[PDB]
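The chains carry the letters A, B, C, D, E and F, assigned in the order they are written, with residues numbered from 1 in each.
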Amino acid sequence: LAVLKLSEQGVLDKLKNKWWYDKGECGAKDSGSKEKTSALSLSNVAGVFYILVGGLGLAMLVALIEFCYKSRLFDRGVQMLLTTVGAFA
Amino acid sequence: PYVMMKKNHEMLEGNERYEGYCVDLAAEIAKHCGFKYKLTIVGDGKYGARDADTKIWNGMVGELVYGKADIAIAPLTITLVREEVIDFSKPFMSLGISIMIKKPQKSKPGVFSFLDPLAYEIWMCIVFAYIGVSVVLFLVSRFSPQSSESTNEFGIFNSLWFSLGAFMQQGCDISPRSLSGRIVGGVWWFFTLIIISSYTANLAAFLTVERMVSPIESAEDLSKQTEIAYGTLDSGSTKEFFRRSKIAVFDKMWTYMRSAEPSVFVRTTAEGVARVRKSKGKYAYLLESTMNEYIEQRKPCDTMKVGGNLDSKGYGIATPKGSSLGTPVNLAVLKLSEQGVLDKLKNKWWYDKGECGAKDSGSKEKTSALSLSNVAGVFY
Amino acid sequence: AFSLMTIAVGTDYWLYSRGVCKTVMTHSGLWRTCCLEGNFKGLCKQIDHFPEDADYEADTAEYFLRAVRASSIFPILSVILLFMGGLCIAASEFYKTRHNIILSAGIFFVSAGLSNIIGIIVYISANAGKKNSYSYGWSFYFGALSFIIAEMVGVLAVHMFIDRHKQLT
Amino acid sequence: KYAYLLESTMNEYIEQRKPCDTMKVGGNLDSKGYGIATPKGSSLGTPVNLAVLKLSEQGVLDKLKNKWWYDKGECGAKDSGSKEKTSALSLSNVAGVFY
Amino acid sequence: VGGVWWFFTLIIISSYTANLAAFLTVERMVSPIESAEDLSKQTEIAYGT
Amino acid sequence: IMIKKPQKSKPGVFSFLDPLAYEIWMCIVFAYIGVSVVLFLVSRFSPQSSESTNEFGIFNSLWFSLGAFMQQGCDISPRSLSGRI
């Protein structure tokens, strides 16, 4: 009967959170209570810098392979054929 | 500011030595009641709360029980346990328990605060990206094909001007015309889409949540922090107020005051003021309402009052029980309340020592118009 | 621009932060991190890409960013392309009237900066992730200056090559 | 065109209770207190002097205050400050730009 | 001159459009008279006791 | 069940394209190729000052549409009623 008394007043509700949580030291329950705004770091935005240097790598490469081509779609009779294979596929 | 000695206290002696709120109050009592007074400081230093089982409340009340003093014009809480041993008059101030903490130090002004939503590394690496793209857009656009390479308007200095026009979003009259030149201009357009919109989005974020706040500004917030410990004055009625606790959040406060590592109590309230300043945001101190606003008006303004009063108690002029002197003094409290003197004496010591000058009522509004001091850097 | 980088590769005051020196301020770098303001002072330790509480397992993003950082392949390629650019400048005097080594030089000086600019980023991005109030010293500003000086050489290498084929024109 | 002066616990009781169409501005011009009154020299004066201090220290007067001013009247604005909602523009919001 | 005025534009416009939704939907009270000193200096209203 | 914490997740290299899902980035590029081929096909319908007045080839119409999408407009504008739609 004494357990059925204590469960109805809420003592076991009061005892369980006191020993588990309050004696415990982890403050993850109130770490999310506050939120902040920070500056963008370079670790956050570096893929755009990676595409840019990758874009400059492609830009210098195409200007070089076209230049060696000049130093040293096409032919209408076959572009009808590429259209037919294109229309079929 | 109740009773504190003059600056020339070592020169003067007698009743002219002491000044303060109660000294001005003691002058006004005898002016209306018709006696002559003599000020005697207690040798204790504690207000005189419950005795250590000895029962002679050690402090002011022990001087009132012993018959050594006639009246107590002093900051002394009218509570139940003091009423049974001595007499009180009607209260002359109203005050409550209040949590006093450190300033958050989240102010953070700036002159170049427009460069803030991106880091210093990015504003560096933008300039390195700006120069690096501008020379690649040049080196692409000027090879061997009047001359057919002269048809392009892309010199290096036009390439410096094109990359700035794409980054500043304004656009340029020139635009690349070759397939190799549209790759370098195309990727830089993708660069300035993300980087500028990262600026315009975060500058909206730094112009909505720029504020100073304290995370523990409520009663229940201070109850749940083992990181921010809390204690109060030893041998006071505030300490006695938590000994007889009733409410569940007040019982929760009494748990941490017992299991305190180390002992959170101080001998004098100013020692608790000095303990919060040495703790630098990791300890709180619960003292009175009228005491807390006096700390705000003193140097170096590094405290703040959070939350409303926990209760509503008061201070009263006290006589020992059964004293004939004290019944017109009860009328003398009601006189100085009626002719505004208790207001005016409170208007005396709380106005003239306002060296802090903040008067921080605060602005809870979030829609604040931009001052010129926010964006004065771009005008420079 | 070659001498600025080969100093900055060799010297080791790239980063000033709170860190350990034997396993509080540090003379950190790409390879050898050192220490100042301590009982130890200058007892330089070769830095390691530690897994102990880094807790990365099959993280292809995190592993490749740190393996490039532990190799420092982009600042080293910023040296190798920059010396071969200088070899083309030395091969402009000798083997002259070829006129295409001047084009060939300006490619290597510009691509040395492209090797430099992403070498800046893989140094900074691998760094953060605390080290509060960190400082970048002046070794990092040598490679920052080694970026800009190497570009203006690749600028002026092209503008000479402009005058070479306007002479052929 | 009419600004009325009364006591503080009246004005809070008016503003909390519906239709809640007045506003309490400023502070207290003169601070005073309601007191339970007994005849002079009564034997029923001194336990009355002790009984108010019983209820104030234990927290009954605080518990009586939080009970009665919440129970009768609740204008909805006093607890609606936490709720934030978004809405569309109206033409009344941007009308001078058209002007 | 054009390059710096563009950098002036990019800051002032982005500081303008940062919270433009809230300044068109302010929903603030006017608070005409308060604290009994503005009551001392504005006597168009009538008092009552 | 007990596990060890994730301890956090870093935002990735390509986290800039997280505000739109990967269905949208497919459909934007499909809208990009769709507009560019149409804008070429609209302006070239065989009316030298004939057929050569418009600058909009297929490679220019790729460059106008990517120009209009990246918020930096180009020099060429359609200059025809069906083209300007």
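The rule is short, and it goes like this: contacts are C-beta pairs under 8 Å (C-beta built on N, C-alpha and C of every residue); 3 or more make two chains touch, one makes a residue touch a chain.
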{"item": "Graph distance between chain A and chain E, where chains that touch are linked", "value": "2"}
{"item": "Centre distance in Å when chain E and chain F are each reduced to the mean of their C-alpha atoms", "value": "42"}
{"item": "Cα-centroid distance, chain B relative to chain E, in whole angstrom", "value": "26"}
{"item": "Intercentroid distance (Cα basis), chain D paired with chain B, Å", "value": "26"}
{"item": "CA centroid of chain C to CA centroid of chain F, Å", "value": "36"}
{"item": "Touching two or more other chains - residues of chain C", "value": "107, 110, 114, 117, 121, 124, 129"}
{"item": "Touching pairs among all chains present in the structure", "value": "A-B, A-C, A-F, B-C, B-D, B-E, B-F, C-F, D-E"}
{"item": "Residue ranges of chain A in contact with chain F within the complex", "value": "43-48, 50"}
{"item": "Interfacial residue positions of chain B with respect to chain C in the complex", "value": "121, 124-125, 128-129, 131-132, 135-136, 138-139, 142-144, 147, 156"}
{"item": "Chain B contact footprint on chain C (complex, rising order)", "value": "103, 106-107, 110, 113-114, 117, 120-121, 124, 144, 147-148, 151, 154-155, 158-159, 162, 165-166, 169"}
{"item": "Complex contact set, residues of chain B against chain D", "value": "78-80, 83-84, 90-91, 94, 241, 244, 246-247, 250, 311-313, 337, 340, 343"}
{"item": "Chain F-touching residues of chain B, taken from the complex the two chains share", "value": "165-166, 169, 171, 173, 175, 179, 182, 186, 189-190, 192-194, 198"}
